[PDB]
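The next block holds one structure in the form of structure tokens; read it before the comments.
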Amino acid sequence: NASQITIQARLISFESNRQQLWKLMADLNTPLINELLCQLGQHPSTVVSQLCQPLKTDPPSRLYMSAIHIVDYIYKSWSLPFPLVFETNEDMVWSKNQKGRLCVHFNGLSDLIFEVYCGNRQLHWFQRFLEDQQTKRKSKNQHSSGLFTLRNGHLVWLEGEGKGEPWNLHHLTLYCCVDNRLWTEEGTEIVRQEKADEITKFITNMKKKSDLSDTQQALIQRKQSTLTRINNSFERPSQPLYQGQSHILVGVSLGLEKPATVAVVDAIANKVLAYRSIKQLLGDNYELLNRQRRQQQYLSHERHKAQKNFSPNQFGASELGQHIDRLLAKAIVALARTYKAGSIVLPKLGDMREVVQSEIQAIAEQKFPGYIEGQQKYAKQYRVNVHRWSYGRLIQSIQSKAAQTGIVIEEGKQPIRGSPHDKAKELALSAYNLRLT
RNA sequence: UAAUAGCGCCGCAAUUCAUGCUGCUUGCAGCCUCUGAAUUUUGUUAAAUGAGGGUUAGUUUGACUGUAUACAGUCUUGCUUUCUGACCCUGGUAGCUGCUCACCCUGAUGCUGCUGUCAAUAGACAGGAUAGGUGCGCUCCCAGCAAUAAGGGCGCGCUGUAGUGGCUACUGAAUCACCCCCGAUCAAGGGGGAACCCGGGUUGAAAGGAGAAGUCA
DNA sequence: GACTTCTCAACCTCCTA
DNA sequence: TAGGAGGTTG
């Protein structure tokens with residue numbers, strides 16, 4: 001699931017409650033470090049479960065389980081404590097304070113009621129969590145847990161500049177992972193379909209082998225309980241999702257001179273419905289692209305100047321590149337949705353060094369026809385000014401936005417040469433040609 | 001005193017276009033009114049970019065419902081970012097750390113560069129982001145430096161007190177989004193104005209997917 | 001900071017209120 | 001009886 005998103009909010013409680021939480025978070029981060037050395041040594045994560053059992057009594061029943069999950073994630077990789085991650089829809093017990101504000105009541109923290117401070121841009125998510133738990137409560141456990149839009153969340157701390165306090169210094173911040181497709185009823189239908197198929201496959205696979213007479217029956221019981229409860233739905237808003245025209249393919253072309261260009265082209269026909277260039281996708285946000293290029297030049301010169309012995313290089317850095325890589329994805333997806341596009345085509349990220357090198361060469365021979373010295377000099381001067389874009393965050397942001405809206409993404413092969421509009425059109429057509437296979 | 005030239009950018013002009021407009025003939029035909037694209041050629045334009053360091057639980061970007069992408073209704077919380085304004089500053093004082101250096105010569109993706117006044121010492125003091133060059137920046141150029149790229153020479157294995165940096169602690173100013181006043185700042189809002197529009201509104205906007213750990217750049 | 005992997009329960013099952 | 005906290009699992 002690439003459609004799922006993460007929301008955040010700041011929690012606000014008394015000084016005493018924060019004190020208890022800080023003490024427990026320290027008493028939980030201290031032993032999980034000890035669990036690491038024990039865990040890592042034996043391998044050269046199922047055994048980890050009974051590995052923590054002796055560690056239980058050494059120094060929050062649901063919270064000791066939490067540290068187990070974090071380690072498993074680190075292993076498979078190959079004064080703030082670590083976040084307390086809640087890998088359960090039902091770990092948090094939402095409520096509404098007497099003053100109307102929401103509250104969170106964590107499972108292991110019986111007396112720790114935090115007040116939820118968030119933004120109105122995303123208060124509807126917390127209200128949805130509340131309504132979901134309330135709907136389960138009204139139905140008396142007759143709704144499957146797969147559909148409360150709240151997959152998991154982890155509580156983190158944050159740094160402050162007061163420099164005078166153990167926790168008054170630090171700010172709580174809740175990070176709930178919420179499946180965006182789980183908001184509308186029609187999307188929850190597809191989510192229910194996929195989850196039912198997964199449950200069927202998993203139960204068939206597990207029935208095909210033999211397990212313990214009690215754990216196997218209990219897990220299978222939960223499976224059919226989920227299958228029974230999942231058919232009863234919630235009173236969620238209805239939206240017609242997205243239709244998608246198969247023949248219409250929005251082709252997106254990445255380069256150096258133009259950071260990104262698009263081409264809405266028919267595939268059954270051979271006509272381009274409408275091109276858009278980088279100056280036209282970024283409506284009134286083009287000065288942002290220019291100043292980001294200037295900043296990426298300045299920061300690269302500074303990084304080169306710093307050489308080997310340096311102070312931290314984030315001086316003057318920002319997330320302007322990310323803001324532009326999101327403004328661009330929003331515009332590209334909106335353009336796709338306007339023309340009923342069924343898919344957005346993106347270049348393979350692997351072919352993004354060869355493409356930029358070839359584009360630099362093409363510009364060089366375009367300026368200096370055969371004067372090789374001038375071509376090399378201009379290539380150097382161009383690489384000085386027009387730095388390489390960040391073609392990873394852009395492809396990722398488009399993948400997120402399109403998946404959220406409902407537009408599937410395919411990948412083709414960007415042509416080596418030609419005008420950026422022609423490159424985009426031919427990429428889009430090549431994608432359809434390969435889809436025909 | 002000098003900044004030629006070069007490259008990126010930004011507009012301003014032309015020209016050809018269509019990603020545009022109109023016409024139906026529905027894919028052709030005109031054109032350039034708009035919206036843009038592509039060349040090349042300009043820098044007057046109060047034309048458009050750009051313009052040191054900071055300052056808001058800042059405004060807008062919102063949800064659902066009914067109707068037809070709009071409007072009406074209801075709810076709304078201050079999270080993380082990005083711009084634009086506006087404002088403030090160009091800092092103390094007290095410790096500590098890092099680097100560099102006998103001298104020349106080359107002069108680096110090196111350093112520094114604003115006004116005014118006083119001295120005309122090398123610095124103060126008042127202003128202050130229009131801050132060396134050009135419409136705007138640069139790893140380019142220019143002026144001074146250059147021991148703090150690199151290399152070359154060359155005194156007695158040293159030349160070492162200065163030049164630059166970093167850090168902590170307590171501090172200074174602005175704690176803002178029409179303006180002021182009193183608050184809050186693990187929360188908390190209230191009060192008083194003014195302009196504009198028609199007792200109500202307005203008095204800038206945007207975007208969010210997080211975390212972990214590696215691989216590096 | 002910017003690129004690369006990786007994660008995104010759930011009904012059961014007691015046990016106090 | 002309805003939450004609260006644990007419990008377990010490919």
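Each chain in the structure tokens gets a letter, A, B, ..., in the order shown, and its residues are numbered from 1; ligands are numbered from 1 in order too.
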At most 7 Å to chain D: residues in chain A, only C-alpha atoms (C1' of nucleotides), as an NGL selection string: :A and (61 or 107-108 or 219)
For the strand (DSSP E or B) assignment from backbone DSSP, which residues of segment 69-226 of chain A qualify? Please present them as a short mmCIF file (atom, residue, chain, number, x, y, z; two decimals) with N, CA, C and O atoms, in the first residue's frame.
data_model
loop_
_atom_site.label_atom_id
_atom_site.label_comp_id
_atom_site.auth_asym_id
_atom_site.auth_seq_id
_atom_site.Cartn_x
_atom_site.Cartn_y
_atom_site.Cartn_z
N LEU A 84 8.19 5.51 20.85
CA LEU A 84 7.38 4.40 21.32
C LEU A 84 6.34 4.12 20.24
O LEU A 84 5.37 4.87 20.08
N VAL A 85 6.53 3.04 19.49
CA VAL A 85 5.72 2.76 18.30
C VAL A 85 4.56 1.87 18.72
O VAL A 85 4.73 0.92 19.49
N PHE A 86 3.36 2.20 18.24
CA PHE A 86 2.16 1.42 18.55
C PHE A 86 1.71 0.68 17.29
O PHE A 86 0.97 1.20 16.45
N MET A 92 -4.20 2.90 20.81
CA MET A 92 -4.71 4.19 21.24
C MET A 92 -6.21 4.09 21.50
O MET A 92 -6.94 3.44 20.76
N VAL A 93 -6.66 4.73 22.57
CA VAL A 93 -8.07 4.78 22.92
C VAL A 93 -8.47 6.25 22.91
O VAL A 93 -8.30 6.97 23.90
N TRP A 94 -8.99 6.71 21.78
CA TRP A 94 -9.33 8.12 21.64
C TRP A 94 -10.52 8.48 22.51
O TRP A 94 -11.31 7.62 22.90
N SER A 95 -10.63 9.77 22.83
CA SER A 95 -11.75 10.28 23.61
C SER A 95 -11.89 11.76 23.30
O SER A 95 -11.08 12.34 22.57
N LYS A 96 -12.91 12.38 23.87
CA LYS A 96 -13.15 13.81 23.69
C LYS A 96 -13.16 14.47 25.05
O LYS A 96 -13.95 14.09 25.92
N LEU A 102 -9.80 16.67 21.52
CA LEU A 102 -9.62 15.23 21.54
C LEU A 102 -8.55 14.83 22.55
O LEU A 102 -7.75 15.66 23.01
N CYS A 103 -8.53 13.55 22.89
CA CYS A 103 -7.54 13.02 23.81
C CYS A 103 -7.10 11.64 23.34
O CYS A 103 -7.81 10.96 22.61
N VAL A 104 -5.91 11.25 23.76
CA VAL A 104 -5.36 9.93 23.48
C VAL A 104 -5.08 9.25 24.81
O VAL A 104 -4.50 9.86 25.71
N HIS A 105 -5.51 8.01 24.93
CA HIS A 105 -5.28 7.21 26.13
C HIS A 105 -4.59 5.92 25.72
O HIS A 105 -5.25 4.96 25.32
N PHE A 106 -3.27 5.90 25.81
CA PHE A 106 -2.49 4.75 25.37
C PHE A 106 -2.75 3.56 26.28
O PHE A 106 -3.06 3.72 27.46
N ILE A 113 -3.48 10.64 30.07
CA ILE A 113 -4.38 11.20 29.07
C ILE A 113 -3.74 12.45 28.49
O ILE A 113 -3.54 13.45 29.19
N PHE A 114 -3.41 12.40 27.21
CA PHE A 114 -2.82 13.54 26.52
C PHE A 114 -3.87 14.22 25.66
O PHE A 114 -4.73 13.56 25.06
N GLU A 115 -3.80 15.54 25.58
CA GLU A 115 -4.71 16.31 24.75
C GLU A 115 -4.08 16.53 23.39
O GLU A 115 -2.90 16.85 23.29
N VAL A 116 -4.88 16.35 22.34
CA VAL A 116 -4.37 16.35 20.97
C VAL A 116 -4.47 17.77 20.42
O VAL A 116 -5.55 18.33 20.30
N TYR A 117 -3.32 18.34 20.08
CA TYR A 117 -3.24 19.62 19.40
C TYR A 117 -2.73 19.37 17.99
O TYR A 117 -1.63 18.85 17.82
N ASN A 152 -1.14 2.29 12.25
CA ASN A 152 -0.28 2.31 13.41
C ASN A 152 0.24 3.73 13.61
O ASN A 152 0.17 4.57 12.71
N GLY A 153 0.75 3.99 14.80
CA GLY A 153 1.30 5.28 15.12
C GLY A 153 2.42 5.15 16.13
O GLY A 153 2.46 4.20 16.92
N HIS A 154 3.34 6.10 16.09
CA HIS A 154 4.47 6.11 17.00
C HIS A 154 4.62 7.50 17.60
O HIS A 154 4.51 8.50 16.89
N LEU A 155 4.87 7.54 18.91
CA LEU A 155 5.05 8.79 19.63
C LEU A 155 6.53 9.13 19.72
O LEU A 155 7.33 8.30 20.13
N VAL A 156 6.88 10.36 19.34
CA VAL A 156 8.26 10.81 19.35
C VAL A 156 8.36 12.03 20.24
O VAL A 156 7.35 12.66 20.56
N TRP A 157 9.58 12.36 20.65
CA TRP A 157 9.84 13.64 21.29
C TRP A 157 10.51 14.58 20.30
O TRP A 157 10.89 14.20 19.19
N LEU A 158 10.65 15.84 20.72
CA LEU A 158 11.24 16.86 19.87
C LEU A 158 12.06 17.81 20.73
O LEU A 158 11.83 17.93 21.93
N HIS A 171 9.05 18.51 23.30
CA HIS A 171 7.66 18.52 22.88
C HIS A 171 7.27 17.15 22.35
O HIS A 171 7.99 16.58 21.52
N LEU A 172 6.15 16.63 22.82
CA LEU A 172 5.60 15.40 22.29
C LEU A 172 5.09 15.62 20.87
O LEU A 172 4.73 16.75 20.51
N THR A 173 5.08 14.56 20.07
CA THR A 173 4.54 14.62 18.72
C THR A 173 4.08 13.23 18.32
O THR A 173 4.88 12.30 18.25
N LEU A 174 2.78 13.10 18.06
CA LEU A 174 2.21 11.83 17.63
C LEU A 174 2.29 11.73 16.11
O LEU A 174 1.99 12.69 15.41
N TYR A 175 2.70 10.57 15.62
CA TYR A 175 2.80 10.30 14.19
C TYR A 175 1.94 9.08 13.88
O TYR A 175 2.39 7.94 14.01
N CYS A 176 0.70 9.32 13.45
CA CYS A 176 -0.22 8.25 13.10
C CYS A 176 -0.15 7.99 11.60
O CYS A 176 -0.21 8.93 10.80
N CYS A 177 -0.03 6.72 11.23
CA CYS A 177 -0.01 6.30 9.83
C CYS A 177 -1.44 5.96 9.42
O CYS A 177 -2.04 5.02 9.96
N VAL A 178 -1.97 6.71 8.47
CA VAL A 178 -3.36 6.62 8.05
C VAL A 178 -3.43 6.30 6.57
O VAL A 178 -2.78 6.95 5.74
N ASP A 179 -4.23 5.29 6.22
CA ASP A 179 -4.38 4.88 4.84
C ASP A 179 -5.37 5.81 4.14
O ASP A 179 -6.57 5.80 4.44
#
DSSP helix (DSSP H, G or I) residues within segment 20-260 of chain A, as a ChimeraX atom specification: /A:20-42,47-55,61-77,123-139,145-147,180-182,185-207,215-230
Counting only C-alpha atoms (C1' of nucleotides), chain B residues within 6 Å of chain A, as a PyMOL selection string: chain B and resi 7-8+19+62-63+76-77+79+82+186+209-210+213
Considering only C-alpha atoms (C1' of nucleotides), give me a table of residues in chain C that are at most 7 Å from chain A, with the closest atom pair and distance in Å for each, as JSON lines.
{"residue": "C:1", "atom": "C1'", "partner": "A:314", "partner_atom": "CA", "distance": 6.6}
{"residue": "C:5", "atom": "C1'", "partner": "A:77", "partner_atom": "CA", "distance": 6.3}
{"residue": "C:6", "atom": "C1'", "partner": "A:77", "partner_atom": "CA", "distance": 6.2}
{"residue": "C:7", "atom": "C1'", "partner": "A:73", "partner_atom": "CA", "distance": 6.8}
{"residue": "C:8", "atom": "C1'", "partner": "A:151", "partner_atom": "CA", "distance": 6.0}
{"residue": "C:9", "atom": "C1'", "partner": "A:88", "partner_atom": "CA", "distance": 5.6}
{"residue": "C:10", "atom": "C1'", "partner": "A:145", "partner_atom": "CA", "distance": 6.3}
{"residue": "C:11", "atom": "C1'", "partner": "A:222", "partner_atom": "CA", "distance": 5.2}
How would the residues just picked look written out with C-alpha atoms (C1' of nucleotides) as an mmCIF file, in the first residue's frame?
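Contents of part_3.cif, as written:
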data_model
loop_
_atom_site.group_PDB
_atom_site.id
_atom_site.type_symbol
_atom_site.label_atom_id
_atom_site.label_comp_id
_atom_site.auth_asym_id
_atom_site.auth_seq_id
_atom_site.Cartn_x
_atom_site.Cartn_y
_atom_site.Cartn_z
ATOM 1 C "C1'" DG C 1 20.734 17.171 3.088
ATOM 2 C "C1'" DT C 5 16.500 -0.603 1.878
ATOM 3 C "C1'" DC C 6 12.619 -1.447 5.299
ATOM 4 C "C1'" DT C 7 7.469 -0.960 8.489
ATOM 5 C "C1'" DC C 8 2.259 0.488 8.221
ATOM 6 C "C1'" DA C 9 -2.480 -6.346 13.388
ATOM 7 C "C1'" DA C 10 -6.271 -7.965 15.362
ATOM 8 C "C1'" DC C 11 -9.578 -10.541 17.300
#
Polymer residues at most 9 Å from segment 170-182 of chain B, only C-alpha atoms (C1' of nucleotides), same-chain spacing of 6 or more positions, as a list in words: residues 54, 55, 56, 58, 59, 85, 86, 87, 88, 89, 91, 92, 93, 94, 190, 191, 192, 193, 194, 195, 203 and 204 of chain B
